[PDB]
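Here you get one chain, nothing else, as structure tokens; it is the form deposited in one PDB entry.
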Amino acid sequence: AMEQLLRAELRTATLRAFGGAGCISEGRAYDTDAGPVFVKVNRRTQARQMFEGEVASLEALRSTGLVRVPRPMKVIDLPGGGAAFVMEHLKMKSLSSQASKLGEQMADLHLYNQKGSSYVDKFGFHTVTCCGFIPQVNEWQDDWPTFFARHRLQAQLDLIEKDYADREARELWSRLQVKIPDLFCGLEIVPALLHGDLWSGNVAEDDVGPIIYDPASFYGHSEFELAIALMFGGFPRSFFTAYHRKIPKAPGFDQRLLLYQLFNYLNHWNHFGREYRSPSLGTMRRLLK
């Protein structure tokens, strides 16, 4: 895909993706008397809530001992509104040689609730975790399709109705709601702890192995994790090969992939505007065909 096309169009052997930073917050590294730190700053009223959700997500991931993520250090209220979030600084480059290792770790992470001393038998989370700026409901639910329809898709489409009053999105959603159970093939879904935002921009590596960060975690269907990884690219094929060697694709994976990508398109419509209307409606129509 992209990287091969660029090597050809620009006629280069090497191509190494690199690189205040961030889509939601302003992030900067500082050296301090006790070593380096990384600080995210967000001036919006809800910033503390956002960062507390990130802290809870980082803590949940660190507790598994299966992946490396930055240690959360402090959330600081700012005079004039908003908050700063200080965490451990990690020297990092984009994910490349460590992709297959990350695929193993992400599969082990999803499997931990099933295989480990872990007993979470509902979907959701113990606290609010933000989809970028947007707070998510993580109310525990026994049924994954219910949790995903109500607390992910319907939540996003209610915000689209409030902000864009989009007739087509409303009418397509009413039809898709009816279809959703058929996409699950009568499978028994088991809760899996998710990073929650595993875009290629949120993963990286150093000389020890891969690193992931910026989580928005909850107990969900393991497959949901991969949708954003696939739709914006940037992961080597060997990441998915390693992952699916441990967690094979269940029947209907390809159709659920559209459903989970739909959620991310809706979230990008809400965060970033009407540019994301066409893929949102287009994915709904593809699911309804």
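From 1 onward, residues are counted along the sequence shown. Think of the rigid core as the biggest set of C-alphas that the two forms share within 1.5 Å after superposition.
A second form of this protein, the form deposited in another entry, is not displayed here; the remarks below concern that form.
- Relative to the superposed core, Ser25 undergoes a C-alpha shift of no less than 2 Å between this form and the one not shown.
- Relative to the superposed rigid core, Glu275 undergoes a CA displacement smaller than 2 Å between this form and the one not shown.
- Legend note: Cα of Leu226 to Cα of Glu26 is at least 3 Å closer in the other form than in the depicted form.
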